[PDB]
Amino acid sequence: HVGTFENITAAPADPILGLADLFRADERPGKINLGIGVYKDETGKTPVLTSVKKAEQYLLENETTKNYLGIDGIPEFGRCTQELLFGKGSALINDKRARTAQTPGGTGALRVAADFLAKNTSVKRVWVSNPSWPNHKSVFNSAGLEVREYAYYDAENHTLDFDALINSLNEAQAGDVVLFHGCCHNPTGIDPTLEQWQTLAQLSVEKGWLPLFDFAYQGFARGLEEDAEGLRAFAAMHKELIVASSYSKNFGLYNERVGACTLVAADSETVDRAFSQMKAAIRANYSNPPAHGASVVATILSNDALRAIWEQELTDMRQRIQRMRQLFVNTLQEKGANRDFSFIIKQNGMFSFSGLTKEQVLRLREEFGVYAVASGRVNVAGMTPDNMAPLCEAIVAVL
């Protein structure tokens, strides 16, 4: 008998995670990693946060069992998540209109939402910004949903093309899903203003879209509450919406897989009925979620002393990134760059489109050992005072 595996074609490498493999194998001591969206401190390391180490020590000494969690995970984790998203005292919470499942990362929350939609509703299409995180299309396609693109970025002016966005979204039908990044758009770092969020919200209710927010960077633009203003404007108007959030980055808990999928419906009866099918889709995927990382998050957010430490550590990360953006722009001019790079200062989060071509990005890797994503996305949080000069010298050399 001829093998079931014999004719499988090899998959292409992941445009983000495959870069990490290349970078690890590179033997040059001066190599610089500006690819995957992981925070680095001023020393070039990705430490465990102190708030997280303290919570892990508490868990080690007080955990008495590893018995399965419920399908939807730790109850306090879900309550804390809804407060962060919608704010204490939200009507969504007091009206009992939201349900939250703890999930393995924000990616797991996206896939659970996608599986839930494909198997229990009439949804067929998901609209995603052009550009967006490369894995969005793969997640939704693998659940059986079609992915469509709406305009977003003006590469000439390095801004949000708001007229193009609205014009292209006038093709999205009632009952389509439209995906928004909550803040720190990946990869452009360009977010709507509050006014623009409010225009999109009113339009959304008018056209009958089902909003789906990918919220992986709460706290990295302006602040925890400020970064949720856009979501909270949608939540004020809509009967229905979905939020896939991640604690990977704002808690530095990447590899423990901590995220949440939050369902909102018009009333308590409908959301409980829908959440019953969300739980069924989870059960047929990974059964129930991993406890360690989510237990850490719930411990930190439940304890005023740990939460105050964590909030300061998040502010420090946010502010260090802002300092590197300015240093990056200033150092490019000193190293001989002709172009104006000041638009970098206007972008939020870890990421920015550098304006570099695929050929230039390739040269940076092969000739200078500087690793960026082929789209020209660079991770500013991977820049340090010590690697800024060689990094900038390399960019000027390929311009």
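Numbering starts at 1 and follows the sequence shown.
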Taking the recorded C-alpha temperature factors, which stretch has the higher mean, 165 to 173 or 303 to 311? 165 to 173
Higher mean Cα B-factor in the deposited model: 336 to 344 or 349 to 357? 336 to 344
With respect to the C-alpha temperature factors reported in the PDB entry, which of 111, 158, 185, 318 ranks highest? 158
Say you rank 221, 123, 128, 253 by Cα B-factor from the PDB entry; which sits at the top? 123
Modelled-residue ranking by C-alpha temperature factor, third containing residue 399: highest
Within this chain's modelled residues, let me know which third the CA B factor of residue 382 belongs to: lowest, middle or highest. lowest
Thinking about Cα B factors across the chain, which third does residue 279 belong to? lowest
Please place residue 12 in the lowest, middle or highest third of its chain by C-alpha B factor as given in the entry. highest
By its CA B factor, does residue 322 count among the lowest, middle or highest third of the modelled residues in the chain? middle
